[PDB]
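Starting off, we have a lone chain in the form deposited in one PDB entry, written out as structure tokens.
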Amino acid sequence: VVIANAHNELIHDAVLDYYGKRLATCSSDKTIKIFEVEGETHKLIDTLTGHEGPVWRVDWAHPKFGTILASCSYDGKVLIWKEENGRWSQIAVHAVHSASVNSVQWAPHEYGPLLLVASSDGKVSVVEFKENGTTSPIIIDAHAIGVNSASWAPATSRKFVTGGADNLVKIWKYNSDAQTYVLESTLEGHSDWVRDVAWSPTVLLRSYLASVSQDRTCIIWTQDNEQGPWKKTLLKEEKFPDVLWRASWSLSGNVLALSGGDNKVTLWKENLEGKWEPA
């Protein structure tokens, strides 16, 4: 199934929603597009407008809140969108960062309608939408140089991993006696900017993290339990041909989808040894 020419400017993100039927894209044209794919057909449904700069990413929210989509852009702001009564409209706007926002992600539906945001300004913001609408977020300084990604850990006590341009990967946990997310662990292992970080939703004892970097390597970080440390495990002994840009875990099977710069997508799974191989 292919939807050629969804945009005329280069596209940076395409995400299907909770039912994996409703597509959504974003690119330099500074717009988002909603699609409806079936067998091998497709129908545009709208074009979201507002961002003053190329749009970097989008994330669909859990259906239990409505039909929402979040986006972030080089313009250093985040826009939420809604499809009420049959038409999309900018409900809220989040802009507390002073540089390009590169990632945005809806927390687990159990936490409510929270949003995880990371920016080149080095900070990360956590945002909920009050009873009235406005937003009173959490802002933390999380990386030097710039933050490129941030992902939520599955639900139990709330944790999320960030990936900065300081080559570091970082786990965060919420604390009461601070009313903020505090730095739980710093994981060193990349020699160049970390482009993305994905926390696997696998519900097994062991937790899985996958970080991708400008150094042409993918690292799977794992933690057996609370007393265990985060163990480093290169996805493969040899570096890759080009820069790895994204990492995505399936919802089941704990299968990793790696997006390279040689515009190639490799798939991996774990084996008896604890080493990865092509799935």
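When you see a residue number, it is the position in the sequence shown, counting from 1. Rigid core: the largest C-alpha set superposing within 1.5 Å between the two forms.
Just so you know, the form deposited in another entry exists too; it's not on screen, but the next bit is about it.
Summarising the superposition on the core between the shown form and the other one, the listed residues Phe129, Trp88, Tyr208, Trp193 contain exactly one with a Cα shift of 2 Å or larger, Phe129. After superposing the rigid core, the Cα of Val37 is displaced by 2 Å or more between the shown form and the other one.
Core-superposed comparison between the shown form and the other one: CA of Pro63 displaced by less than 2 Å. Positional change of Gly228 between the shown form and the other one reaches 2 Å or more at the C-alpha, relative to the superposed core.
Between this form and the other one, the CA-CA gap for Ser73 and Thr134 widens by 3 Å or more, being larger in the other entry.
In comparison with the shown form, the Cα-Cα distance of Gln227 and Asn175 decreases by at least 3 angstroms in the other entry.
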